[PDB]
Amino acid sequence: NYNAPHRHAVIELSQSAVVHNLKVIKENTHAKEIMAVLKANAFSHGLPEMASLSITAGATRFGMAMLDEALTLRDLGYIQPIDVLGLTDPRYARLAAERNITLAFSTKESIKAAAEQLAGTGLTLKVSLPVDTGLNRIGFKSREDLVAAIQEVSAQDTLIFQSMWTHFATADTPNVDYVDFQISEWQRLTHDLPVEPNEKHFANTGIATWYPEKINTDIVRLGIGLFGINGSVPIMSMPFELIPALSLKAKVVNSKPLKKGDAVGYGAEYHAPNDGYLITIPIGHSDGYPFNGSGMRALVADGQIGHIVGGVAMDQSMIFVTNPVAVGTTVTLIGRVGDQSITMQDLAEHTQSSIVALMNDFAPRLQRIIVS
């Protein structure tokens, strides 16, 4: 009840793209398992669609940010392993236990708590223990703390020691040796434990792309690369091609000539610099399109190159074109028309805005469609 199927504005998600992206990243790292990280409604691309595409692409498990996102997948019909990579109130451990959802914990006392929640229910909880190696967001910060926590899960019959893992801060980036640092930090914080977990995993998109040999990549936690976006800072060249999954289109709802000097948009600050035609489409910055995307190209279906002008409004954008355009004509905001294309990267460049932030702004109000 968020999407608007009767509004001719859509996000297109290419199946063939996602398939290629996982293949090429998996190839680069000779991974055995690909974990599709579809947190935040699949990086705002649309979870039901991306989850499906991910499995089609060959992912075999999921990573989500929180329990409720994990619940949603189960409710979607998926039976594959699901890791919650954020932290969870132990009071709600029972839900994860009942739906085979693996939960991360960063504290011995929270582990204890989650186990006591399950005491006597006949339920069992898979547990993961993130180790903080330098990101400093979550995880154990000392071998001693880690070893104690492992001790606790071994003494709790309702818990399974599913995994240990850590996350990189600069695998995205020319900063090797913060990568190497986190890796020696792992060795420090993690060397011979009193017992092993079922699995360990380390790699995000960055690791898999630019540092495949630094560390074990049998299990890859693949988020952004899936969506065909190069998020590196600065933009680093890759050992392969990503093809972006999402394109953004809508059909003209209002069409009119406007005369030189006519003001457009809130503030009345854009004035047409000559006679032409103004084209109104039904997506705005409430759909996720950059609040300051005005001045962006926009590829009309007839092969014209228009430009967003006036404000980008909440629900509507206005486009200036030289030649008449009929209502119903689709306009591509992101994607390809002929030999012209507009990318998320063009968008980032134009708005002086992070591509990671832009790829993540799309609201559920836009109707999603899977293609090729």
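Note that residue numbering follows the sequence shown and begins at 1.
Asker: Can you tell me whether 224-232 has a higher mean C-alpha B factor than 175-183 in this record, or the other way round?
Answerer: Higher mean C-alpha B-factor in the PDB entry: 175-183.
Asker: Please compare 19-27 with 355-363 and name the stretch with the higher mean C-alpha B-factor in the deposited structure.
Answerer: Taking the mean C-alpha B-factor of 19-27 and of 355-363, the larger value falls to 19-27.
Asker: Looking at the C-alpha B-factor values in the deposited entry, which of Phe202, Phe105, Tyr92, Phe240 comes out highest?
Answerer: In this record, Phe240 carries the highest C-alpha B-factor of the candidates.
Asker: For the C-alpha B-factor as written in the entry, point me to the maximum among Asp75, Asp145, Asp287, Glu98.
Answerer: Comparing C-alpha B-factors across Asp75, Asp145, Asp287, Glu98, the top value belongs to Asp145.
Asker: Quick check on the deposited entry: does the C-alpha B-factor of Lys126 sit in the lowest, middle or highest third of its chain?
Answerer: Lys126: CA B-factor falls in the lowest third of its chain.
Asker: With respect to C-alpha B-factor, does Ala348 fall in the lowest, middle or highest third of the chain as deposited?
Answerer: As the PDB entry reports it, the C-alpha B-factor of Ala348 lands in the highest third of its chain.
Asker: Looking at the temperature factor on the CA atom of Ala155, which third of the chain's modelled residues does it land in?
Answerer: Tercile = highest for this residue's CA B-factor.
Asker: When the modelled residues of the chain are sorted by Cα temperature factor, does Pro194 land in the lowest, middle or highest third?
Answerer: It falls in the top third of the chain.
Asker: Sort the modelled residues of this chain by their C-alpha B factor and say whether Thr217 lands in the lowest, middle or highest third.
Answerer: It belongs to the highest third of the chain when residues are ordered by C-alpha B-factor.
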